[PDB]
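Next come structure tokens for two forms of one protein chain, structure 1 first, structure 2 second.
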Structure 1
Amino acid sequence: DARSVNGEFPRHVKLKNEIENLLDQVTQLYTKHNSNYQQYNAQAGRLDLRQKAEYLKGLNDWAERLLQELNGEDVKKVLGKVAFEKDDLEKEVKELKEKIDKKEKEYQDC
């Protein structure tokens, strides 16, 4: 057993371990989101309306943040910003190269 197959068999095992680790992370997120609400219910009784909202909001905020970390949603928003600046800089570089070509024309004679 444990052949190479041009490294593809060890790669199969590594991908299997990475998938299992993701499945474990998402399973614990799911389990904990559900138990968070059961815990809220248990402790909800002797909280006022405003404290109830602030408590359940805090639990929801913890789950949403962890989900966006696992699925890369957070990284996609940063990519959006950096891509917009990169696009503006590409247009600025084009404009400056055109300005340099015009300045060569401007001063061709002297």
Structure 2
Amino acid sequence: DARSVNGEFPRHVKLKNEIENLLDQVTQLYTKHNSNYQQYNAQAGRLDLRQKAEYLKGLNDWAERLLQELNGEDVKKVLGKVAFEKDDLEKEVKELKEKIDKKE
């Protein structure tokens, strides 16, 4: 009760832990993204335009995939697909109720 402040001290530590770990993940992403650009600059010399674009695209694709996992944009994209499927099934019910109750 008193030592844990009714559970709110361990809750504080949980949140500090979660924030620390996310800060660590985002920092590492940031450093790897910048080091990826140096690798690109080093390679660019031997690559034609189509190959430069293909390599830089995969480096960007890598950063963005991780970033969208960290910032929850991956989950917002999922939410969108599911919300659309929900709002299409609602459009189906409205139609089928019209077709069944009237006209049949």
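Residues that one form lacks are left out of the comparison. Rigid core (definition): largest C-alpha set, two forms, superposition within 1.5 Å. Start at 1 and count along the sequence of structure 1; that gives the residue numbers used here.
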For this session: Shifts of 2 Å or more in the Cα, rigid core superposed between structures 1 and 2, apply to only one of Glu73, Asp61, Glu85, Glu54; name it.
Result: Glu85
Exercise. Can a Cα shift of no less than 2 Å be assigned to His12 between structures 1 and 2, given superposition on the rigid core?
Worked result: no
Problem set entry | Residue shift check between structures 1 and 2, rigid core fit, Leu96 Cα at least 2 Å | yes
Seminar exercise, completed: Aligning on the rigid core, one finds that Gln43 shifts at its CA between structures 1 and 2, in Å, by 1.3
Problem set entry | Segments of at least three residues whose Cα atoms shift by 2 Å or more between structures 1 and 2, after superposing on the rigid core | 1-3, 83-104
